[PDB]
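All remarks here apply to the structure that follows.
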Amino acid sequence: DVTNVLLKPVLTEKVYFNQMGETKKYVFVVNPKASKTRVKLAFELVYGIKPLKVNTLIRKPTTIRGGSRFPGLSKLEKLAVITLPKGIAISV
Amino acid sequence: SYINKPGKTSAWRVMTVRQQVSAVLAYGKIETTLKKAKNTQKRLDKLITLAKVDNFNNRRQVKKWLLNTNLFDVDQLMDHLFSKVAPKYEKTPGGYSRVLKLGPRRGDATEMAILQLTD
Amino acid sequence: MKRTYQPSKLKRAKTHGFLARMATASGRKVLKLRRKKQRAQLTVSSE
Amino acid sequence: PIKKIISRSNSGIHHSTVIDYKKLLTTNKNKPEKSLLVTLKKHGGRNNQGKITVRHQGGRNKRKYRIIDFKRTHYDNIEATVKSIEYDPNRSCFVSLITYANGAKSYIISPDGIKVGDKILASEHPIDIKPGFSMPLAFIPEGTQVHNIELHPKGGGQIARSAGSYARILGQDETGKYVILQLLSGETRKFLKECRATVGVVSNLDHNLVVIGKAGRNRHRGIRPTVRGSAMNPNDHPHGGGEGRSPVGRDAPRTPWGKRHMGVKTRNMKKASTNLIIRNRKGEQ
RNA sequence: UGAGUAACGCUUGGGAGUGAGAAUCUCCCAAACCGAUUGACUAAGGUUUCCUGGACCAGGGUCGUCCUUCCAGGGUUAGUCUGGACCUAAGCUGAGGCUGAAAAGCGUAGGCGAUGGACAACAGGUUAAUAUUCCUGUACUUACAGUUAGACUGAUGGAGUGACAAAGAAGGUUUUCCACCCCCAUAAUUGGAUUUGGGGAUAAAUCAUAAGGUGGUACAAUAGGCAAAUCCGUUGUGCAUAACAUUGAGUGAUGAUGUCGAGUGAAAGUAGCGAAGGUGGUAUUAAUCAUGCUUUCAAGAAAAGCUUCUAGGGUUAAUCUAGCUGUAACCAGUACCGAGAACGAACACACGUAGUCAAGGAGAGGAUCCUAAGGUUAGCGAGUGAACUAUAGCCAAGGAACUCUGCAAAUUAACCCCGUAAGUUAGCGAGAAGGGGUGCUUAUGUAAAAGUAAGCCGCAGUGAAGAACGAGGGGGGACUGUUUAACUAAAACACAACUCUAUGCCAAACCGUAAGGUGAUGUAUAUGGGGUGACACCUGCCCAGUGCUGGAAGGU
RNA sequence: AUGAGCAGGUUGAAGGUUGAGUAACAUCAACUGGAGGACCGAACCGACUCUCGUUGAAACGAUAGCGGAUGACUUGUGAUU
C-alpha cells in the first residue's frame, strides 16, 4: 500500500443498487498495476475490515466527446468492487 | 428486373380491401386513398345487402370477407353484423355509406377520402 | 465480396509492429528520420 | 509379387498394380512399435534459405524415420535374432527389427532372403558368411553380393542401399589395399578395403516393377507435375511461348541455365580418388 | 450548367394517441415471406457502437417529435470459463559462435511459438446495460503450516506413457418414435355434432451397479538401455482354457421437500400461484462404448504432463500417504453488434465473409412446398395503370421454313414396375433403347407397409413444389484434372507411359560470395535434365555440315 | 505444421468364407464383404452457356443454371518466399 491506490469511491444508481443490498458492495477506482492480494491488504489495514469478496474490471478508454469541434480520449481507470460481511460496512 | 419491391397485383389489393372493411366494421370510419375507397364502397354495400337472409350459407358467405383484430374477432364481426347491421339499412335502394373528399396528406400531399356510414 | 485487406490486428502487429521495426536497422533509421519527419505515428504502437 | 488394383472407377481406365505387402512384409496397418521411430519433416522443396531449391518435387505424404544401425560396431560379437520385418516408407526397402542376445532390440537394413527368427552374427573379426552378416572387406573373398558400402570407414554404408541393390567384387588391388568393386549403374572403382559390407542382396526388389498410374497419386508420393522446358516462357526458355508447337532448336538442349549437358560427365577430374578411376558407366579408365 | 434531367440502393394497411405539426414517433391489429433461417451460442472482426434520460443544431437518398444523430450520466465482476502463470508443432530469435569491405548474413545452447496438448463446477436467481464472473443452493481442486497415525525416499539420468490417418462395418447403451396413461385447460348457436390443444423434469458433484471393451498374468539372470536399477528389457518355465490389470457405457441413490411447471392470473398480464411430473417395444434416428473394431497405402505429431526404477541420499526422521485443522489460491479478459445500418466493402447495399444445434406435415435428406417460437416490412412515397422496355404467364396451326448453325428458347424429370443392343480393355453402355403405373373406400396384406383383390372417382392421380432430353457419325486429347483473376477454357497445359542423358557419396546440380544448407538425413530399383506424352503396331533414311562424346600421335 | 468439414441415398468388384467340383488345379454356386483422381446429388469450388446490371447491389457482380463434387479434396489458423 502506498496510501494513494485507494483513489476514490463513486456512487451511481447501479452502485446504489449494490449498496442497498446486504453484503454492502462498494467500488474503488484504483491503480491498474496492483494485485488483489495487496489491494485487499490495503483494505484491511485502512480499517479493521477484511473484504468478503473482490472483483476487478477496467473502464476501457473511448473517443470522448464524440464527433464535435473538440473531440478527445477518455480516461483510464480500474474499478475494484468489494463485497463485505453482511452486518458490517464502511462509513466513508 | 432483379430483386426489388415488385409492385402489387390483385391479391394485395384484395387483402388491403379486406383489412379496410374489417377496420371500418371495427369503428365505422376509414381515411384512405380515394381509389381504394371507391373500390371498397361496392363490396361494403353488397356485404350489407348480402347478410340479410341469415342462414348458414349466408353465414359462410359474409364470413368470407372479414379479417381479425384484438377488439373484434372475425367471429365477433359476423355476430355483430348478423345481430344488428343487416336489419337497419334495408330501407334504401343502395347508397349505404358516404365517401367524402378530405384535404391532402402531409406524407404525400395526395387526395385522401373518408368513408363512413351512419344512421 | 472478400476484399484485399483483412482487419486481423494480430497479423497487423506481426507485419508492422514497433518491436519488429526496431529488430531491423533500416526500420530503426526510418523511425529516427520520422521523428525528424514530424510524424505523429511512427509504428502501430506509436500511433 | 504384385496384384492388379480393383477400383471399378468410371472415370477413365487405370492400368495400375500394387504390391501385396504381405508375402514380402507384415502388419499392413501403420501402427508399429514405438522403439526406434523419429518424426520427419519434409522441406516442401525449400532450402534453409526459404527458396524452392528442388525441381518439380513436393507433396510427399508424411513418413517417419526408422532409427537404423549404420556403423554396426557398438554391438559387436553379440548374437542377433530377427524379430520383425517392418516397412520403411522413407527408403525404398523394408527394415528388419532384430534383438542382440544381450537384450538390445534394434532396426537394421534387411538384406534379401532374411526372415523373422533367423540367427545371424556380425562383428569386426573373420567369421563364416550367412545372409545378414556384416564384417570388414579385408576378410572377405571376391565374388559375393555386397551392399551398404562405406567410402568413409567407420561411418556407415551409403552406396548401393536402395531397392534391391548390391555390388560385385572384380578383384583386389595387388598392393594389399583398394579392393576393386563394380559399382551399380556400370561404374567400377578400386574401393578401400578398410571398410565393411552387408552380404547378399537387399530386399524389396520390385521397384523395377512399380506402376505410378496417375498424376495425383504420384503427387502424394512426391514429384509435382510440370511442363517441359520447351514450352516455358520465352524469356525463361526461348523455345516455348507462342502458337504452333515451337520445338527445341538447340542440338544438345540446355536448362534454364546454359548447360551444354549432354553426354558430358561432371565428375571431378582432379579428386584424390581420380587415380582410382577404372570404369565410368560406358567405358574404361 | 445540364435539370428538375435521371435516380432515391432485397418486403403493408388501418385504427388511437403523442407532439403546434408524424406514412417514416409510439401502442394495437392483422398480413406474407425466412424458417438447417428472416431462431440463439461464440471464435475472429468493430471496440463503446452497449444502457438510461433529454433533445433534433452537422448526416439520415424528402420527412423526421425520431435514428445506430447529438448532449449529460452510466454498463462488462471469475481459486473451477477463456487465457499468463503448464509446455510445445511448424516457425522465429538467438548470446557466445561460423562467414562476409562494414553495416550485415548464417547459425548452437537456449529462449520465444497455438490453430494442439497438461488441467479442479453446475444449475436456478436478478438489472436499464452483464453475469461457471454477481447472488442463491448444490460441489470440486490446489498447495501452504500445524496436528493424528502410518510411512523411505529417490533425478539430473533410465524405462514406459502421452503418441494419434483415411475409409468401413454392428452392435451395447439409453434416448428418439409410437400406442397408451396422468394432469391441465376445453364443451362448441352454422349444417352437424360429447370437443380440441398442451404438459408430463431436473445439473454439477459424491457414491454404488459399473454393459462392455482393451488384451497376457508371476519366477530369475541380467551381456542391452552414459552410469545404477527392484523399471522396460532378456530368457524360457507355470497359466496359457481366465484370470490380471486397465477402461467403460449406461442405470440407480442422493443432490433434489430445490428450480420448475399446465396454466392461473391481484397492479400490470407484472407479482403471486402453478396440476401432472407414467409404462411396452421399436425391422426409424444419432449418441456414447470408441485412441473400440476391419481394411488399404501415398504409412497418419511433438513437448508438456503421468507412472516408475535406480543413482541422489535420508533414516536423531530429510521424507511420503491420507485424516483433521487453519491459511490461501495470483495476472488478463468479459457490454453488444456479431453473415452484417456495428467485418471488409470509402458505404443506412442486395455482396464474400469461424464453427456449430438447427424443430413440424412431409419426404433418403442438411433437396423441395407449406408451418411452430422469432422479427420486420429492406431509409423515399402516393396515383393512373400510355407507348417502349425488364420480368414473366400464354398464344390456336405448321415446327425448324431462324441461323454461319436446333445459338438461344422449349419436350425428358420424383418414386414403382417390365425390357434394353452395338462397341467394349469386361468395368461400362444404361435411367441405352422402349413401355406401363402413381387417387380414394373395404378387405387382404409384415412389426406399419409393400403387394393383391373388389368397388368408387377424377378432365386427367409425384395430380401444387423442385426434379438426367436423347441417337448416330467425325477431329483431338485418353481419361479424372490445372489453365490466360475483371474477354477467350481449350484439341493449351498437365498426367500415367516411354527413349536418351547426367549424378557414385563430402554424389552432381542449385542457392549465396562465403561459411553452409537443400539436395538429404536421398544412395542408381534414388534424383535430376531433355524431349516424347491412354492402349496398341511401328518411328524409315541421311553424320555433307553444326553439335554431343571420345581419343591420341601429327601441326598448333 | 496445425486443424474443421464433406447432407443424402447409392453400386457390390476385389479380398476372404462355405460348398460343389478337379489328383491338384481350373471352373462355378452362395455368403460376408465395402475398394473406387466411382454415381448422381445438399452444402461447397470454379467461372462453361443465357439474361440483367452497360455512370449498378458491385474499381464488376446478380438469375437460371453448367461441370465437378472423398479427392490432381476444399477450407481455417500460424510460419514462410
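Please note that chains go A, B, ... in the order of the C-alpha cells, that every chain numbers its residues from 1, and that ligands are numbered from 1 in the order shown.
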
query = Contacts of range 256-259 of chain D at 8 Å or less, counting only C-alpha atoms (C1' of nucleotides), minus same-chain residues fewer than 4 places along, as a count of residues only?
reply = 3

request  = When you get a sec, could you note down which chain C residues fall within 9 Å of chain E, using only C-alpha atoms (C1' of nucleotides), as a ChimeraX atom specification?
outcome  = /C:1-9,25

Keeping only N, CA, C and O atoms, take the residues you just selected and write them out as a compact mmCIF listing (two decimals), in the first residue's frame.
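Wrote it out as out-v2.txt, contents follow:
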# COMPACT_ATOMS: atom_id res chain seq x y z
N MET C 1 -18.41 -9.22 -50.96
CA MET C 1 -17.28 -9.91 -51.57
C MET C 1 -16.03 -9.78 -50.69
O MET C 1 -15.81 -8.75 -50.06
N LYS C 2 -15.24 -10.85 -50.64
CA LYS C 2 -13.96 -10.79 -49.94
C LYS C 2 -13.05 -9.76 -50.60
O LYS C 2 -13.01 -9.61 -51.82
N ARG C 3 -12.30 -9.04 -49.76
CA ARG C 3 -11.52 -7.90 -50.22
C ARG C 3 -10.04 -8.19 -50.03
O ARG C 3 -9.64 -9.28 -49.62
N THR C 4 -9.22 -7.18 -50.34
CA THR C 4 -7.77 -7.33 -50.33
C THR C 4 -7.15 -7.22 -48.95
O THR C 4 -6.10 -7.83 -48.71
N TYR C 5 -7.75 -6.46 -48.04
CA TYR C 5 -7.19 -6.25 -46.71
C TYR C 5 -8.14 -6.79 -45.64
O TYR C 5 -9.35 -6.58 -45.72
N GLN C 6 -7.57 -7.48 -44.66
CA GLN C 6 -8.33 -8.03 -43.54
C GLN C 6 -7.94 -7.32 -42.26
O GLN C 6 -6.76 -6.99 -42.05
N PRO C 7 -8.90 -7.06 -41.36
CA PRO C 7 -8.56 -6.35 -40.12
C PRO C 7 -8.05 -7.27 -39.03
O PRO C 7 -8.46 -7.15 -37.87
N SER C 8 -7.14 -8.18 -39.38
CA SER C 8 -6.51 -9.08 -38.41
C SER C 8 -5.43 -8.30 -37.66
O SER C 8 -4.29 -8.17 -38.11
N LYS C 9 -5.81 -7.78 -36.49
CA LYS C 9 -4.92 -6.89 -35.75
C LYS C 9 -3.69 -7.60 -35.20
O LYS C 9 -2.66 -6.95 -35.00
N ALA C 25 17.67 -2.69 -38.62
CA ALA C 25 18.37 -1.41 -38.61
C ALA C 25 17.70 -0.40 -39.53
O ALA C 25 17.62 0.79 -39.20

Distance filter 9 Å, only C-alpha atoms (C1' of nucleotides), chain B against chain F, as a PDB file with N, CA, C and O atoms, in the first residue's frame:
ATOM      1  N   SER B   1     -34.945  -7.160 -64.475  1.00  0.00           N
ATOM      2  CA  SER B   1     -35.828  -6.999 -63.328  1.00  0.00           C
ATOM      3  C   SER B   1     -35.461  -7.960 -62.202  1.00  0.00           C
ATOM      4  O   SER B   1     -36.109  -8.989 -62.015  1.00  0.00           O
ATOM      5  N   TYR B   2     -34.419  -7.614 -61.452  1.00  0.00           N
ATOM      6  CA  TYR B   2     -33.971  -8.404 -60.319  1.00  0.00           C
ATOM      7  C   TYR B   2     -34.675  -7.942 -59.045  1.00  0.00           C
ATOM      8  O   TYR B   2     -35.641  -7.174 -59.081  1.00  0.00           O
ATOM      9  N   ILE B   3     -34.190  -8.430 -57.902  1.00  0.00           N
ATOM     10  CA  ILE B   3     -34.883  -8.277 -56.625  1.00  0.00           C
ATOM     11  C   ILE B   3     -35.081  -6.806 -56.274  1.00  0.00           C
ATOM     12  O   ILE B   3     -34.143  -6.004 -56.332  1.00  0.00           O
TER      13      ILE B   3
END

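Coordinates place CA of residue 101 in chain B at a distance of 11.3 Å from CA of residue 38 in chain B.
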
key: Contacts of residue 8 in chain F at 8 Å (only C-alpha atoms (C1' of nucleotides); same-chain gap of 2+ positions) as a count of residues only   = 4

ask   = Could you pull out all residues of chain A with a DSSP call of alpha helix (DSSP H) and give them as a PyMOL selection string?
value = chain A and resi 13-19+36-46

ask   = Using only C-alpha atoms (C1' of nucleotides), which chain E residues lie at most 6 Å away from chain D, written as a count of residues only?
value = 18

Compile a residue-level contact table for chain E against chain B at a cut-off of 9 Å, reporting for every qualifying residue the shortest atom pair and its distance in Å to one decimal, with only C-alpha atoms (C1' of nucleotides) counted, rows ordered by chain and ascending number, as CSV.
residue,atom,partner,partner_atom,distance
E:10,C1',B:4,CA,5.7
E:11,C1',B:5,CA,6.6
E:12,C1',B:16,CA,8.4
E:13,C1',B:16,CA,5.9
E:14,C1',B:23,CA,5.9
E:15,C1',B:23,CA,6.9
E:22,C1',B:106,CA,8.7
E:23,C1',B:107,CA,5.5
E:24,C1',B:107,CA,8.8
E:28,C1',B:70,CA,7.8
E:29,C1',B:69,CA,4.8
E:30,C1',B:69,CA,6.3
E:31,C1',B:15,CA,8.0
E:63,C1',B:107,CA,7.9
E:190,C1',B:56,CA,4.8
E:191,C1',B:56,CA,6.8
E:350,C1',B:3,CA,7.8
E:381,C1',B:108,CA,6.4
E:382,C1',B:108,CA,5.7
E:383,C1',B:110,CA,8.1
E:390,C1',B:1,CA,4.7
E:391,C1',B:1,CA,5.2
